[PDB]
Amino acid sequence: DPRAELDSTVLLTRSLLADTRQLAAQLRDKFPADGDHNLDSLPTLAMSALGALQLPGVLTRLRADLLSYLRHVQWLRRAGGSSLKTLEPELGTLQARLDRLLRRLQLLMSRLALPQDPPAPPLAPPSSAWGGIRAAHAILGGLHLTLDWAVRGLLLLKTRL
């Protein structure tokens, strides 16, 4: 019964993962990354949760992480220079799809009868065209890693219905 909703949500997540890779690939072709750009405003990458007791924490964390990515994607569209202007509408599509995914996750969380505010980031516009390019690498790369983790976690949830 709950497995159908979950399988839909795994599919959406895989598709969002592919969307995120494609976007990162396009950026990379335009401006290859010059290092591993830590954005302080981004969440720390979650440690890849075998048991049924660990999974609620994983969903809670996943949601918190994706909301942060959602704010950062918006920020990139708002504050991106002409250097990102050609990727902006794809980012817009990505943001719609992430919004959709998040709502699915929240539903899933209510169907499973789980429990569970104040946001500061990402905030200020990049110091230069290059700063924004650096942030885009970090945002899309972090989102990629988070979704790949998400896929695996939702698969383990499936085991425990």
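For every residue, the number given is its place in the sequence shown, counted from 1.
- Going from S48 to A49, you skip over 1 to 3 residues of the deposited sequence that the entry leaves unmodelled.
- Unmodelled deposited residues between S110 and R111: none, per the record.
- The stretch with the higher mean CA B factor, choosing between 120-128 and 32-40, is 120-128.
- Across the two stretches, 98-106 and 52-60, the PDB entry reports the greater mean Cα temperature factor for 52-60.
- Residue set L66, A135, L27, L114: peak C-alpha B-factor at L114 (per PDB entry).
- Among the modelled residues of its chain, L84 has a C-alpha B-factor that falls in the middle third, as given in the PDB entry.
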